[PDB]
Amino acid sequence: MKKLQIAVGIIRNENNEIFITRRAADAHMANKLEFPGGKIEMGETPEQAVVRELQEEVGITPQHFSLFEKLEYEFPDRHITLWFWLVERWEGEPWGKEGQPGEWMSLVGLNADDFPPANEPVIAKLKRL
């Protein structure tokens, strides 16, 4: 079974809203809401990966961020380790830089059912902030 390391960014503005994108219909976890992020490549660290992935996907450079949660999840056909970075400072304005839907969502209104099931404990912990 495939094993992947994934770094994602929880992008939180001053109004307690999170920048959330929606995954393509032909992707793994198709049509799900998601924190922007992606695969950690050989020769880069988890910290470097979340910077690169947010630059690619939404056009911001995260800075002074922290590891909010790290967890493992077994999907039906792949095992993934997810690094959830809390990003409260960044350069740029996030947008759908890869043509994907993206918008600001109130933290209190997030519904874990809309996200991959791996995100359930993270969404709960976020609402506890």
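Residue indices: 1-based, along the sequence shown.
Taking the mean C-alpha B-factor of each stretch as recorded, 50 to 58 and 73 to 81 are not equal, and the higher mean is that of 73 to 81. As the entry records it, the average C-alpha temperature factor is higher for 116 to 124, out of 6 to 14 and 116 to 124. In this structure the maximum Cα B-factor among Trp90, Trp95, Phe35, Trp104 is found at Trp90. Sort the modelled residues of the chain by CA B factor and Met42 lands in the highest third.
Annotation for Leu86: C-alpha temperature factor in the lowest third relative to the rest of the modelled chain, per the entry. When the modelled residues of the chain are ordered by C-alpha B-factor, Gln100 sits in the middle third. Split the chain's modelled residues into thirds by C-alpha temperature factor. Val108 is in the highest one.
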